[PDB]
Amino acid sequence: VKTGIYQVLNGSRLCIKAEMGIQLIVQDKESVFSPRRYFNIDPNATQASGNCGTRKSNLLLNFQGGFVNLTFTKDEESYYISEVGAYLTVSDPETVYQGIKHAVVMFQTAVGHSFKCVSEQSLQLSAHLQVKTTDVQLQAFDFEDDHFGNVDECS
């Protein structure tokens, strides 16, 4: 689970800066104790793009098989991840799994600061699809000379 360094821009100004490792867990079997399919987002094989905004942004990460979409909202003061979507193709059998969590308050951080959380974070997107983050340090909206803000933590 290698940590990727991602970035979203408004022409030249920094809109979103995100470092993290991301894993997708799909539950093949109806039995909750049965093994699951793991998929590591490989950062050297993943395209970051996304859309900046005064009150709402998104970091989208695309890879062969699908994507992970992190949507940010700033309430002011403070910003947070307000939505998470994912899409993942498995070759055999031949399934696309996907899911979106719509109304969440996640990694909420005082505006102008950065969020850090090296500890594994987790979110059920659908009933079978789960996303896990690790080694997270990110920041959105307010920036100062392309550096991480006054920092914060989770647990």
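Residue indices: 1-based, along the sequence shown.
Undergrad: Mean CA temperature factor from the deposited coordinates, higher in 60 to 68 or in 101 to 109?
TA: Higher mean C-alpha B-factor in the PDB entry: 101 to 109.
Undergrad: Going by the mean C-alpha B-factor recorded in the entry, which is higher: 16 to 24 or 136 to 144?
TA: If you average the C-alpha B-factors of 16 to 24 and of 136 to 144, the larger mean comes out for 136 to 144.
Undergrad: Pick out which of 121, 49, 40, 54 has the highest C-alpha B-factor in the PDB entry.
TA: Going by the entry's C-alpha B-factors, 54 comes out highest.
Undergrad: If you rank the chain by CA B-factor, which third does residue 90 end up in: lowest, middle or highest?
TA: It falls in the top third of the chain.
Undergrad: Would you mind checking where the Cα B-factor of residue 8 ranks among the modelled residues of its chain, as the lowest, middle or highest third?
TA: Residue 8: CA B-factor falls in the middle third of its chain.
Undergrad: Place residue 130 in the lowest, middle or highest third of its chain's C-alpha B-factors, as listed in the PDB entry.
TA: For residue 130, the deposited C-alpha B-factor lands in the lowest third.
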